[PDB]
There are 2 protein chains.
Amino acid sequence: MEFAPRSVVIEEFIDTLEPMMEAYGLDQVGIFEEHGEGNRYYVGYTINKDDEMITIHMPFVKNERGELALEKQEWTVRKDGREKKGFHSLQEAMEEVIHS
Amino acid sequence: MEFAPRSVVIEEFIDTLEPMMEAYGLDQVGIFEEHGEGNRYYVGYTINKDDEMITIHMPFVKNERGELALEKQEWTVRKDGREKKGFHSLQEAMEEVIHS
């Protein structure tokens, strides 16, 4: 896996933020990060849809220097406190966010 | 406010991780971060209670230097995709997490 500083990864998610909000007509979205067990890491977005918080994220691996590497081309959707996987693109994840 | 580098803030939350897990008999907990709008930033924990993801967090202000400062002594509990605040300590927040 190719590792990059955390800031570089965050910036990539930030660059897609506005385009994603415009495309899906979202009013309030922010960057989401979670530090998992055993140097596992999750990065994505949290959408505030009328007081409901919906989070979508991708899996990363964190090395000794804190750098991050994308683990798999898969998005997970966290809604109502439960997670659903199997989404292979942001568009697919958003389809679940908007239409489920 | 008292600003400190993000790394310093994260490490302080990490220091309380194991003690909190032992005190409440939690099996899987990690650090949670969310970049809000404007100068808003949120830091806390996400607990995996039998597949249910429950997040608790505190409000921070991020200055132009990327540093973080605690904005208010209050915890917010995000369960089932919705948030509830008014908790003034981690103990109070956990009571909402556990006793619910």
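Computed from heavy atoms alone, side chains included, the values below leave out hydrogens, waters and symmetry copies. Order of the sequence lines sets the chain letters (A, B, ...), proteins ahead of strands, with each chain counted from 1.
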Gap between atom OG1 of B:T76 and atom NZ of B:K72 - 0.5 Å precision: 8.5 Å
Between atom CD of A:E12 and atom OG of A:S7, what is the distance when rounded to the nearest 0.5 Å? 12.0 Å
Going by side chain to side chain contact (heavy atoms under 4.5 Å, CB included), name the residues that satisfy it together with A:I14, two or more places apart in sequence or in a different chain. A:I10, A:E11, A:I31
NZ (A:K62) with more than 12 external heavy atoms under 6.0 Å: yes
For A:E52, is the CD atom crowded, meaning more than 12 foreign heavy atoms sit under 6.0 Å from it? yes
Can you tell me if [X] uses its side chain to pair, donor with acceptor, with the backbone of [Y] under 3.5 Å?
X: A:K79; Y: B:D80; answer: no
X: A:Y45; Y: A:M20; answer: no
X: A:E95; Y: A:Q91; answer: no
X: A:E83; Y: A:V77; answer: no
X: B:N63; Y: B:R65; answer: yes

Do [X] and [Y] belong together in a cluster built from hydrophobic side chains that touch within less than 4.5 Å?
X: A:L17; Y: A:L26; result: yes
X: B:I54; Y: B:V29; result: yes
X: A:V9; Y: A:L70; result: yes
X: A:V97; Y: A:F13; result: yes

Can you find a pair of side-chain heavy atoms, one from [X] and one from [Y], that are under 4.5 Å apart?
X: A:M94; Y: A:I47; answer: yes
X: A:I56; Y: A:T46; answer: no
X: A:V43; Y: A:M58; answer: no
X: A:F87; Y: A:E74; answer: no
X: A:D51; Y: B:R82; answer: yes

Under the salt bridge (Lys or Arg N to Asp or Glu O under 4.0 Å) rule, collect the residues that match up with A:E34, sequence neighbours excluded. A:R78
List the residues meeting salt bridge (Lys or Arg N to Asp or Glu O under 4.0 Å) with A:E67, not counting sequence neighbours, and say none if there are none. none
Sorted by first residue and then second, give each ring-ring contact (aromatic ring centres under 6.0 Å, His included) pair with at least one member in residues 53-85 of chain A; sequence neighbours left out. A:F32-A:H57, A:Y42-A:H57
May I ask you to say whether B:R6 pairs ionically with B:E33, meaning some side-chain N is under 4.0 Å from a carboxylate O? yes
Under 4.5 Å between side-chain heavy atoms, chaining through other members, with only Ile, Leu, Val, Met, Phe, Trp and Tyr counted: pull out the rest of the cluster around B:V8, sorted by chain and number. none
Any pair counted as side-chain hydrogen bond (donor to acceptor under 3.5 Å, both in side chains), so long as it reaches residues 14-28 of chain A, sequence neighbours left out: A:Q28-A:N48, A:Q28-B:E37
